[PDB]
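Quick look at coords-v9.cif (mmCIF, C-alpha atoms and all ligand atoms):
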```cif
data_run
#
loop_
_atom_site.group_PDB
_atom_site.id
_atom_site.type_symbol
_atom_site.label_atom_id
_atom_site.label_comp_id
_atom_site.auth_asym_id
_atom_site.auth_seq_id
_atom_site.Cartn_x
_atom_site.Cartn_y
_atom_site.Cartn_z
ATOM 1 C CA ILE I 1053 134.301 147.267 125.539
ATOM 2 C CA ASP I 1054 137.101 149.561 124.322
ATOM 3 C CA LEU I 1055 139.347 147.404 122.127
ATOM 4 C CA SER I 1056 142.016 150.132 122.157
ATOM 5 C CA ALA I 1057 142.703 149.422 125.846
ATOM 6 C CA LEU I 1058 143.447 145.739 125.230
ATOM 7 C CA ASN I 1059 146.756 144.148 124.311
ATOM 8 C CA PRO I 1060 147.240 144.762 120.558
ATOM 9 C CA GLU I 1061 148.598 141.253 119.928
ATOM 10 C CA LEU I 1062 145.504 139.833 121.629
ATOM 11 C CA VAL I 1063 143.148 141.998 119.559
ATOM 12 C CA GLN I 1064 144.905 140.988 116.334
ATOM 13 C CA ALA I 1065 144.495 137.313 117.234
ATOM 14 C CA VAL I 1066 140.794 137.882 117.967
ATOM 15 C CA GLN I 1067 140.235 139.553 114.578
ATOM 16 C CA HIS I 1068 141.617 136.473 112.803
ATOM 17 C CA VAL I 1069 138.758 134.403 114.281
ATOM 18 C CA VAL I 1070 136.061 137.080 114.369
ATOM 19 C CA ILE I 1071 132.399 136.266 113.745
ATOM 20 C CA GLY I 1072 130.245 139.099 112.440
ATOM 21 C CA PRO I 1073 127.393 139.911 114.829
ATOM 22 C CA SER I 1074 124.745 139.453 112.129
ATOM 23 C CA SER I 1075 125.890 135.855 111.546
ATOM 24 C CA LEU I 1076 125.201 134.818 115.158
ATOM 25 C CA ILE I 1077 121.801 134.471 116.813
ATOM 26 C CA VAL I 1078 122.058 134.044 120.575
ATOM 27 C CA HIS I 1079 119.062 132.290 122.122
ATOM 28 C CA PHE I 1080 119.028 134.120 125.449
ATOM 29 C CA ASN I 1081 115.922 132.169 126.450
ATOM 30 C CA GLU I 1082 117.853 128.865 126.089
ATOM 31 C CA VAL I 1083 120.483 128.950 128.828
ATOM 32 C CA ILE I 1084 123.043 126.165 129.135
ATOM 33 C CA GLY I 1085 124.537 127.473 132.391
ATOM 34 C CA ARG I 1086 125.182 130.509 134.581
ATOM 35 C CA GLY I 1087 128.119 131.102 136.911
ATOM 36 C CA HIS I 1088 129.597 133.999 138.876
ATOM 37 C CA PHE I 1089 131.785 135.258 136.020
ATOM 38 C CA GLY I 1090 130.052 133.993 132.883
ATOM 39 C CA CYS I 1091 127.140 132.173 131.278
ATOM 40 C CA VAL I 1092 126.507 129.977 128.244
ATOM 41 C CA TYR I 1093 123.591 130.077 125.788
ATOM 42 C CA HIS I 1094 122.412 128.026 122.863
ATOM 43 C CA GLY I 1095 123.097 129.778 119.584
ATOM 44 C CA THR I 1096 122.705 129.503 115.833
ATOM 45 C CA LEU I 1097 125.687 130.399 113.649
ATOM 46 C CA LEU I 1098 125.102 131.032 109.935
ATOM 47 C CA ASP I 1099 127.945 130.349 107.512
ATOM 48 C CA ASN I 1100 128.348 132.132 104.165
ATOM 49 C CA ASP I 1101 125.873 129.707 102.535
ATOM 50 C CA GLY I 1102 123.141 130.265 105.124
ATOM 51 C CA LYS I 1103 123.627 126.861 106.745
ATOM 52 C CA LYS I 1104 122.657 126.915 110.424
ATOM 53 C CA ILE I 1105 125.231 125.598 112.903
ATOM 54 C CA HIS I 1106 124.107 124.742 116.437
ATOM 55 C CA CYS I 1107 126.618 126.306 118.822
ATOM 56 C CA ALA I 1108 127.180 127.168 122.460
ATOM 57 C CA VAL I 1109 127.771 130.868 123.120
ATOM 58 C CA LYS I 1110 129.889 131.795 126.140
ATOM 59 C CA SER I 1111 129.634 135.281 127.625
ATOM 60 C CA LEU I 1112 130.920 137.352 130.505
ATOM 61 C CA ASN I 1113 128.456 138.725 133.035
ATOM 62 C CA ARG I 1114 130.300 142.063 133.355
ATOM 63 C CA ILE I 1115 132.608 143.951 131.000
ATOM 64 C CA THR I 1116 133.978 146.610 133.355
ATOM 65 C CA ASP I 1117 137.301 144.967 134.330
ATOM 66 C CA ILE I 1118 140.006 144.969 131.681
ATOM 67 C CA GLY I 1119 141.619 141.966 133.372
ATOM 68 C CA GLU I 1120 138.479 139.817 133.143
ATOM 69 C CA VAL I 1121 137.843 140.861 129.540
ATOM 70 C CA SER I 1122 141.451 140.175 128.529
ATOM 71 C CA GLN I 1123 141.483 136.791 130.290
ATOM 72 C CA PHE I 1124 138.131 135.848 128.727
ATOM 73 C CA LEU I 1125 139.405 136.671 125.227
ATOM 74 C CA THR I 1126 142.733 134.940 125.915
ATOM 75 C CA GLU I 1127 140.887 131.719 126.793
ATOM 76 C CA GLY I 1128 139.338 131.742 123.330
ATOM 77 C CA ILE I 1129 142.606 132.599 121.584
ATOM 78 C CA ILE I 1130 144.457 129.792 123.404
ATOM 79 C CA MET I 1131 142.014 127.376 121.704
ATOM 80 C CA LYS I 1132 142.098 128.817 118.223
ATOM 81 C CA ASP I 1133 144.672 126.462 116.681
ATOM 82 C CA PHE I 1134 143.474 123.273 118.420
ATOM 83 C CA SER I 1135 142.607 120.966 115.513
ATOM 84 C CA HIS I 1136 142.138 117.379 116.702
ATOM 85 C CA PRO I 1137 139.048 115.131 116.911
ATOM 86 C CA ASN I 1138 139.493 114.708 120.683
ATOM 87 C CA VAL I 1139 139.988 118.411 121.533
ATOM 88 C CA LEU I 1140 137.186 120.982 121.544
ATOM 89 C CA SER I 1141 137.529 123.505 118.710
ATOM 90 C CA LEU I 1142 136.692 127.209 118.488
ATOM 91 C CA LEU I 1143 134.114 128.411 115.982
ATOM 92 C CA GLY I 1144 135.121 132.011 116.592
ATOM 93 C CA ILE I 1145 134.702 135.117 118.698
ATOM 94 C CA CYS I 1146 131.897 137.617 118.138
ATOM 95 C CA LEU I 1147 132.737 141.221 119.031
ATOM 96 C CA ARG I 1148 129.539 143.243 119.512
ATOM 97 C CA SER I 1149 128.881 146.976 119.735
ATOM 98 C CA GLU I 1150 127.362 146.551 123.202
ATOM 99 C CA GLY I 1151 127.880 143.909 125.841
ATOM 100 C CA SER I 1152 130.242 141.034 126.305
ATOM 101 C CA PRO I 1153 132.340 139.537 123.541
ATOM 102 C CA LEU I 1154 131.097 136.046 122.753
ATOM 103 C CA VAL I 1155 133.149 132.846 122.515
ATOM 104 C CA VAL I 1156 131.386 130.468 120.120
ATOM 105 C CA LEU I 1157 131.881 126.697 120.441
ATOM 106 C CA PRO I 1158 130.379 123.784 118.495
ATOM 107 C CA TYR I 1159 127.433 122.416 120.448
ATOM 108 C CA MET I 1160 128.156 119.198 122.366
ATOM 109 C CA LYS I 1161 124.933 117.192 122.484
ATOM 110 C CA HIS I 1162 125.828 115.102 125.531
ATOM 111 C CA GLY I 1163 127.381 117.752 127.790
ATOM 112 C CA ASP I 1164 130.341 116.957 130.014
ATOM 113 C CA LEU I 1165 131.752 113.464 130.409
ATOM 114 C CA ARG I 1166 131.329 113.317 134.198
ATOM 115 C CA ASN I 1167 127.590 114.013 134.111
ATOM 116 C CA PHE I 1168 127.211 111.648 131.145
ATOM 117 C CA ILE I 1169 128.749 108.652 132.907
ATOM 118 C CA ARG I 1170 126.859 109.529 136.099
ATOM 119 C CA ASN I 1171 123.508 109.534 134.281
ATOM 120 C CA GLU I 1172 121.878 106.201 135.138
ATOM 121 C CA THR I 1173 119.880 106.368 131.880
ATOM 122 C CA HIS I 1174 123.075 105.686 129.886
ATOM 123 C CA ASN I 1175 124.738 102.250 130.052
ATOM 124 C CA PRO I 1176 128.312 102.448 128.732
ATOM 125 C CA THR I 1177 130.127 99.130 128.909
ATOM 126 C CA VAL I 1178 133.559 98.760 130.481
ATOM 127 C CA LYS I 1179 134.960 98.825 126.940
ATOM 128 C CA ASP I 1180 133.048 102.047 126.200
ATOM 129 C CA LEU I 1181 134.459 103.716 129.311
ATOM 130 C CA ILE I 1182 138.001 102.620 128.473
ATOM 131 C CA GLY I 1183 137.336 103.957 124.977
ATOM 132 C CA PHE I 1184 136.426 107.335 126.487
ATOM 133 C CA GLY I 1185 139.718 107.306 128.382
ATOM 134 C CA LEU I 1186 141.620 106.364 125.232
ATOM 135 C CA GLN I 1187 140.055 109.330 123.422
ATOM 136 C CA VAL I 1188 141.097 111.697 126.223
ATOM 137 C CA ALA I 1189 144.622 110.277 126.035
ATOM 138 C CA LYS I 1190 144.663 110.929 122.282
ATOM 139 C CA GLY I 1191 143.559 114.521 122.804
ATOM 140 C CA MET I 1192 146.185 115.010 125.502
ATOM 141 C CA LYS I 1193 148.832 113.396 123.275
ATOM 142 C CA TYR I 1194 148.005 116.055 120.676
ATOM 143 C CA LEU I 1195 148.064 118.906 123.207
ATOM 144 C CA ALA I 1196 151.311 117.669 124.745
ATOM 145 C CA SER I 1197 152.859 117.650 121.270
ATOM 146 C CA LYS I 1198 152.055 121.383 121.104
ATOM 147 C CA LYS I 1199 153.711 121.842 124.537
ATOM 148 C CA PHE I 1200 150.322 122.886 125.938
ATOM 149 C CA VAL I 1201 149.796 122.154 129.648
ATOM 150 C CA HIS I 1202 146.114 121.735 130.463
ATOM 151 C CA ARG I 1203 146.266 122.237 134.295
ATOM 152 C CA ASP I 1204 142.646 121.178 134.975
ATOM 153 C CA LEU I 1205 142.171 117.841 133.247
ATOM 154 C CA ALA I 1206 139.112 116.083 134.702
ATOM 155 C CA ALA I 1207 135.975 114.383 133.434
ATOM 156 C CA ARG I 1208 133.941 117.531 134.180
ATOM 157 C CA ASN I 1209 136.047 119.418 131.598
ATOM 158 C CA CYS I 1210 135.669 116.879 128.773
ATOM 159 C CA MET I 1211 132.716 117.200 126.404
ATOM 160 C CA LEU I 1212 130.830 114.554 124.436
ATOM 161 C CA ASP I 1213 129.325 115.226 121.010
ATOM 162 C CA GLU I 1214 126.379 113.510 119.283
ATOM 163 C CA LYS I 1215 128.636 110.668 118.069
ATOM 164 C CA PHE I 1216 129.991 110.135 121.617
ATOM 165 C CA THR I 1217 133.328 111.585 120.551
ATOM 166 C CA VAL I 1218 135.140 112.921 123.621
ATOM 167 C CA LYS I 1219 136.512 116.473 123.303
ATOM 168 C CA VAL I 1220 139.069 117.662 125.858
ATOM 169 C CA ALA I 1221 138.084 121.164 126.979
ATOM 170 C CA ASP I 1222 138.195 123.572 129.935
ATOM 171 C CA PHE I 1223 135.155 125.534 131.125
ATOM 172 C CA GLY I 1224 137.603 128.187 132.351
ATOM 173 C CA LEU I 1225 135.848 131.267 133.728
ATOM 174 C CA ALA I 1226 132.592 129.270 133.495
ATOM 175 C CA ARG I 1227 133.892 126.367 135.614
ATOM 176 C CA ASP I 1228 131.673 127.354 138.574
ATOM 177 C CA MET I 1229 128.460 126.659 136.623
ATOM 178 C CA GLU I 1238 135.606 120.887 143.290
ATOM 179 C CA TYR I 1239 138.126 123.708 143.643
ATOM 180 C CA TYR I 1240 139.915 124.828 146.804
ATOM 181 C CA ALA I 1243 143.701 130.459 143.475
ATOM 182 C CA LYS I 1244 140.896 127.884 143.524
ATOM 183 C CA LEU I 1245 142.655 124.624 142.712
ATOM 184 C CA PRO I 1246 141.283 121.153 141.773
ATOM 185 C CA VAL I 1247 143.452 119.602 144.447
ATOM 186 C CA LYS I 1248 142.012 116.091 144.177
ATOM 187 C CA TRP I 1249 143.200 115.932 140.547
ATOM 188 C CA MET I 1250 146.607 117.541 141.199
ATOM 189 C CA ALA I 1251 150.012 115.879 141.235
ATOM 190 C CA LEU I 1252 151.876 115.798 144.543
ATOM 191 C CA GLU I 1253 154.523 118.258 143.312
ATOM 192 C CA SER I 1254 151.813 120.688 142.132
ATOM 193 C CA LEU I 1255 150.107 120.536 145.522
ATOM 194 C CA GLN I 1256 153.432 121.640 146.993
ATOM 195 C CA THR I 1257 154.555 124.213 144.383
ATOM 196 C CA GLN I 1258 151.369 125.106 142.416
ATOM 197 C CA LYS I 1259 153.378 124.650 139.197
ATOM 198 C CA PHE I 1260 152.005 122.436 136.411
ATOM 199 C CA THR I 1261 153.608 120.375 133.623
ATOM 200 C CA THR I 1262 152.561 117.784 131.083
ATOM 201 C CA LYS I 1263 153.650 115.206 133.676
ATOM 202 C CA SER I 1264 151.202 116.680 136.191
ATOM 203 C CA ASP I 1265 148.506 116.474 133.498
ATOM 204 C CA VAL I 1266 149.384 112.755 133.406
ATOM 205 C CA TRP I 1267 148.570 112.473 137.114
ATOM 206 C CA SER I 1268 145.240 114.212 136.510
ATOM 207 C CA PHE I 1269 144.604 111.805 133.624
ATOM 208 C CA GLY I 1270 145.027 108.873 136.001
ATOM 209 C CA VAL I 1271 142.356 110.403 138.238
ATOM 210 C CA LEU I 1272 140.138 110.863 135.178
ATOM 211 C CA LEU I 1273 140.562 107.150 134.406
ATOM 212 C CA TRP I 1274 139.425 106.389 137.954
ATOM 213 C CA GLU I 1275 136.394 108.640 137.382
ATOM 214 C CA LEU I 1276 135.584 106.648 134.246
ATOM 215 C CA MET I 1277 135.872 103.229 135.920
ATOM 216 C CA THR I 1278 133.651 104.368 138.825
ATOM 217 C CA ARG I 1279 131.146 106.070 136.472
ATOM 218 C CA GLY I 1280 131.820 109.463 138.012
ATOM 219 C CA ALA I 1281 132.353 108.885 141.723
ATOM 220 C CA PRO I 1282 134.017 111.763 143.598
ATOM 221 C CA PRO I 1283 137.656 110.904 144.347
ATOM 222 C CA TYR I 1284 138.731 110.769 147.998
ATOM 223 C CA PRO I 1285 135.193 111.497 149.280
ATOM 224 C CA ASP I 1286 136.174 111.325 152.976
ATOM 225 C CA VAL I 1287 139.277 113.548 152.655
ATOM 226 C CA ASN I 1288 139.165 117.233 153.562
ATOM 227 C CA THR I 1289 140.299 119.339 150.615
ATOM 228 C CA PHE I 1290 143.161 120.944 152.554
ATOM 229 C CA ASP I 1291 144.345 117.548 153.851
ATOM 230 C CA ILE I 1292 144.858 115.817 150.484
ATOM 231 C CA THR I 1293 148.635 116.355 150.509
ATOM 232 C CA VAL I 1294 148.957 114.819 153.989
ATOM 233 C CA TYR I 1295 146.633 111.981 152.928
ATOM 234 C CA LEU I 1296 148.685 111.108 149.832
ATOM 235 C CA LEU I 1297 151.994 111.454 151.684
ATOM 236 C CA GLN I 1298 150.835 108.812 154.166
ATOM 237 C CA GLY I 1299 151.380 106.370 151.275
ATOM 238 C CA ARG I 1300 147.949 106.252 149.655
ATOM 239 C CA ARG I 1301 146.331 106.205 146.224
ATOM 240 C CA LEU I 1302 142.766 105.870 144.984
ATOM 241 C CA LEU I 1303 141.567 102.258 145.241
ATOM 242 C CA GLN I 1304 141.067 99.979 142.249
ATOM 243 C CA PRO I 1305 137.418 100.192 141.103
ATOM 244 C CA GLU I 1306 135.648 96.834 140.949
ATOM 245 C CA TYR I 1307 135.279 96.806 137.155
ATOM 246 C CA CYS I 1308 138.652 98.400 136.403
ATOM 247 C CA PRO I 1309 140.903 95.800 134.710
ATOM 248 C CA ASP I 1310 144.188 95.108 136.504
ATOM 249 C CA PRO I 1311 146.370 96.474 133.639
ATOM 250 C CA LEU I 1312 144.382 99.724 133.665
ATOM 251 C CA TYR I 1313 144.866 100.112 137.425
ATOM 252 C CA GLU I 1314 148.588 99.527 136.842
ATOM 253 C CA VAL I 1315 148.435 102.376 134.316
ATOM 254 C CA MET I 1316 146.735 104.544 136.951
ATOM 255 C CA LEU I 1317 149.482 103.761 139.472
ATOM 256 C CA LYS I 1318 152.109 104.724 136.873
ATOM 257 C CA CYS I 1319 150.264 108.008 136.251
ATOM 258 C CA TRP I 1320 150.562 108.686 140.000
ATOM 259 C CA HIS I 1321 154.291 107.887 140.177
ATOM 260 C CA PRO I 1322 155.862 110.000 142.953
ATOM 261 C CA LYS I 1323 158.501 111.179 140.435
ATOM 262 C CA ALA I 1324 156.931 113.278 137.664
ATOM 263 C CA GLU I 1325 159.725 112.313 135.258
ATOM 264 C CA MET I 1326 158.827 108.602 135.646
ATOM 265 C CA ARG I 1327 155.145 108.972 134.725
ATOM 266 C CA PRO I 1328 154.327 107.715 131.204
ATOM 267 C CA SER I 1329 153.956 110.166 128.343
ATOM 268 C CA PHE I 1330 150.566 110.578 126.734
ATOM 269 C CA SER I 1331 152.027 108.843 123.669
ATOM 270 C CA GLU I 1332 152.792 105.798 125.834
ATOM 271 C CA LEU I 1333 149.354 106.006 127.462
ATOM 272 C CA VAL I 1334 147.596 106.000 124.073
ATOM 273 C CA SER I 1335 149.571 102.902 123.077
ATOM 274 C CA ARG I 1336 149.018 101.051 126.358
ATOM 275 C CA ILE I 1337 145.314 101.878 126.603
ATOM 276 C CA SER I 1338 144.753 101.021 122.912
ATOM 277 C CA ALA I 1339 145.992 97.511 123.708
ATOM 278 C CA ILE I 1340 143.837 97.096 126.831
ATOM 279 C CA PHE I 1341 140.810 98.432 124.931
ATOM 280 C CA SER I 1342 141.395 95.941 122.112
ATOM 281 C CA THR I 1343 141.122 92.952 124.468
ATOM 282 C CA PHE I 1344 137.389 93.627 125.007
ATOM 283 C CA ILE I 1345 134.784 92.224 122.628
ATOM 284 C CA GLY I 1346 132.261 94.762 123.885
HETATM 285 O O1 LIG V 1 137.495 124.846 126.406
HETATM 286 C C1 LIG V 1 138.126 125.885 126.512
HETATM 287 N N1 LIG V 1 139.464 125.924 126.418
HETATM 288 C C2 LIG V 1 140.265 124.770 126.192
HETATM 289 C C3 LIG V 1 141.351 124.488 127.009
HETATM 290 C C4 LIG V 1 142.092 123.334 126.807
HETATM 291 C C5 LIG V 1 141.716 122.479 125.808
HETATM 292 F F1 LIG V 1 142.439 121.345 125.612
HETATM 293 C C6 LIG V 1 140.641 122.711 125.001
HETATM 294 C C7 LIG V 1 139.898 123.861 125.209
HETATM 295 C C8 LIG V 1 137.421 127.187 126.805
HETATM 296 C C9 LIG V 1 135.931 127.156 127.000
HETATM 297 O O2 LIG V 1 135.302 128.183 127.194
HETATM 298 N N2 LIG V 1 135.382 125.929 126.963
HETATM 299 C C10 LIG V 1 134.000 125.600 127.048
HETATM 300 C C11 LIG V 1 133.668 124.257 127.170
HETATM 301 C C12 LIG V 1 132.341 123.870 127.250
HETATM 302 C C13 LIG V 1 131.338 124.821 127.208
HETATM 303 O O3 LIG V 1 130.003 124.434 127.255
HETATM 304 C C14 LIG V 1 129.460 123.858 126.104
HETATM 305 C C15 LIG V 1 130.103 123.819 124.901
HETATM 306 C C16 LIG V 1 129.470 123.184 123.803
HETATM 307 N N3 LIG V 1 128.345 122.514 123.928
HETATM 308 C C17 LIG V 1 127.943 122.142 125.295
HETATM 309 C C18 LIG V 1 128.079 123.296 126.258
HETATM 310 O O4 LIG V 1 127.884 122.826 127.612
HETATM 311 C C19 LIG V 1 126.857 121.923 127.782
HETATM 312 C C20 LIG V 1 126.471 121.646 129.086
HETATM 313 C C21 LIG V 1 125.450 120.742 129.307
HETATM 314 C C22 LIG V 1 124.813 120.128 128.245
HETATM 315 C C23 LIG V 1 125.180 120.403 126.952
HETATM 316 C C24 LIG V 1 126.219 121.303 126.701
HETATM 317 N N4 LIG V 1 126.614 121.593 125.411
HETATM 318 C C25 LIG V 1 131.682 126.146 127.066
HETATM 319 F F2 LIG V 1 130.695 127.069 127.006
HETATM 320 C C26 LIG V 1 132.989 126.555 126.987
HETATM 321 C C27 LIG V 1 138.146 128.204 127.692
HETATM 322 C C28 LIG V 1 138.005 128.485 126.242
#
```
Encoding of this model in structure tokens:
Amino acid sequence: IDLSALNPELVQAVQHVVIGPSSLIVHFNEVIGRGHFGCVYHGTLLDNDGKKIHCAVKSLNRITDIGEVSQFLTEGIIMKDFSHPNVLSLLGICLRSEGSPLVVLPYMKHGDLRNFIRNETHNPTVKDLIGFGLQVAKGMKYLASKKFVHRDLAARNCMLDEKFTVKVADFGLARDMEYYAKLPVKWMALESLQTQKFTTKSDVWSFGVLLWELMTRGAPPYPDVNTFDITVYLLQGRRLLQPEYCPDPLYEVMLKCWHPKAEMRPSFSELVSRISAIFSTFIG
């Protein structure tokens, strides 16, 4: 890539988080995923002391479009100041002489939250699942305090580390590793379906859908609804049904997250408080 063609403010931000190429070993034989625009590999990052850090290494497939390259780097820069236990962090960006720049993330042992709760070999309790939702709410409370609007909050975009800590994330250009200007319409607030604008209050709607994903252990929402009909479906006066093991107060929280008026949906601060209380009523 020719750095001189990129936005100078973007390049300066990248240099503040740069990883030297010799400190990063990309295991091209160990692929985490491949999509149309990017791919992700296992990697080993060496710090100044020689300690090996297991990481995921995200790459573009092509480097010929300045728009794709700029967007790919911007995704990494957007993350750079996220410092919270429930938000995925950025290890850095490796600029190489040849090939794609590399976005380097701490490796998440248990992958994405949706596949984790769908895996019949794991047995999270109701309390565990509510705990996962509480952790997401805490990450979103942090992001909302930075005035950051996520725009694609969903279980598929949350990661789980080796301690089962949930990290809010966004696969971004690697999201295709559903969407139908490809939009996750079944997670979108009614006003966003109509205007395609997003706010923290539309993230709250998406969070309510994520809670429903948790309480169903990863069922697809609105499975019998055509993607282009979801607005009509909702406007008939409908919401996702209460899952069988979802406690009544948590379903009430979901219904508040789906309030027809964005301004009346609870803040993520309120959601953390309310879900903390519900969580605490469970022994296990
Ligand atoms: O997250 C982002 N931005 C952002 C936005 C909002 C926010 F609040 C926080 C963050 C970005 C990004 O690229 N995110 C991203 C996420 C997850 C990835 O995949 C990983 C990452 C680590 N280890 C796992 C690997 O996937 C797996 C799959 C299966 C089994 C195991 C793993 N392991 C990835 F490569 C990249 C866009 C910059």
Take the PyMOL selection byres (((chain I and resi 1068) around 10) and not hetatm), apply it to the structure above, and return the hits as an mmCIF file with C-alpha atoms, keeping the file's coordinate frame.
```
data_model
loop_
_atom_site.group_PDB
_atom_site.id
_atom_site.type_symbol
_atom_site.label_atom_id
_atom_site.label_comp_id
_atom_site.auth_asym_id
_atom_site.auth_seq_id
_atom_site.Cartn_x
_atom_site.Cartn_y
_atom_site.Cartn_z
ATOM 1 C CA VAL I 1063 143.148 141.998 119.559
ATOM 2 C CA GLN I 1064 144.905 140.988 116.334
ATOM 3 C CA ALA I 1065 144.495 137.313 117.234
ATOM 4 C CA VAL I 1066 140.794 137.882 117.967
ATOM 5 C CA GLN I 1067 140.235 139.553 114.578
ATOM 6 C CA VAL I 1069 138.758 134.403 114.281
ATOM 7 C CA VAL I 1070 136.061 137.080 114.369
ATOM 8 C CA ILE I 1071 132.399 136.266 113.745
ATOM 9 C CA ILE I 1129 142.606 132.599 121.584
ATOM 10 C CA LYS I 1132 142.098 128.817 118.223
ATOM 11 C CA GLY I 1144 135.121 132.011 116.592
ATOM 12 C CA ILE I 1145 134.702 135.117 118.698
#
```
Distance criterion (only C-alpha atoms): nearest to residue 1108 of chain I out of I:1216, I:1223, I:1134, I:1194: I:1223
Hits of the PyMOL selection byres (((not hetatm)) within 6 of (chain V and resi 1)) in this structure, as a ChimeraX atom specification: /I:1084,1092,1108,1110,1127-1128,1131,1139-1140,1157-1163,1202,1220-1224
Residues proximal to (140.8, 134.9, 129.5) were defined as those with any atom within 12 Å of that point in the file's coordinates, counting all atoms listed in the file. Which are they, as a VMD selection string? chain I and resid 1058 1062 1066 1089 to 1090 1110 to 1112 1117 to 1131 1153 to 1155 1222 to 1226
Determine the residue set returned by the PyMOL selection byres (((chain I and resi 1246) around 10) and not hetatm) for the present structure, and present it as a list in words. residues 1203, 1204, 1205, 1206, 1238, 1239, 1240, 1243, 1244, 1245, 1247, 1248, 1249, 1250, 1255, 1268 and 1289 of chain I
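With all atoms listed in the file taken into account, the protein and nucleic acid residues at most 9 Å from residue 1293 of chain I (excluding it and anything under 2 positions from it in its own chain) are residues 1247, 1252, 1255, 1256, 1289, 1290, 1291, 1295, 1296, 1297 and 1298 of chain I.
When atom CA of residue 1190 of chain I is paired with atom CA of residue 1334 of chain I, their separation reads 6.0 Å.
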Test item: axis-aligned box, all listed atoms of segment 1075-1082 of chain I, 8 Å on each side, centre and edges in Å rounded to one decimal, as lines of an AutoDock Vina configuration file:
```
center_x = 120.9
center_y = 132.4
center_z = 119.0
size_x = 26.0
size_y = 23.0
size_z = 30.9
```
Please list as a ChimeraX atom specification every residue within 10 Å of residue 1328 of chain I, counting only C-alpha atoms and excluding residues in the same chain fewer than 4 positions away. /I:1263,1266-1267,1315,1318-1321,1324,1332-1334,1336
How many Å lie between atom CA of residue 1167 of chain I and atom CA of residue 1182 of chain I, rounded to one decimal? 16.4 Å
Shell of 9 Å around residue 1307 of chain I, only C-alpha atoms, local chain residues under 4 positions omitted, as JSON, numbers by chain: {"I": [1178, 1277, 1278]}
Just how far from atom CA of residue 1218 of chain I is atom CA of residue 1079 of chain I, in Å to one decimal? 25.2 Å
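With all atoms listed in the file as the atoms that count, the minimum distance from residue 1141 of chain I to the choices I:1346, I:1253, I:1310, I:1213 is reached by I:1213.
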Nearest to residue 1053 of chain I among I:1209, I:1335, I:1343, I:1149, with distances taken over all atoms listed in the file: which residue is it? I:1149
So, with all atoms listed in the file as the atoms that count, which of I:1265, I:1096, I:1168, I:1060 lies closest to residue 1200 of chain I? I:1265
Determine the nearest neighbour of residue 1156 of chain I from the options I:1087, I:1073, I:1191, I:1137, counting all atoms listed in the file. I:1073
Select, from I:1135, I:1288, I:1116, I:1217, the residue with the minimum atom-to-atom distance to residue 1164 of chain I, counting only C-alpha atoms. I:1217
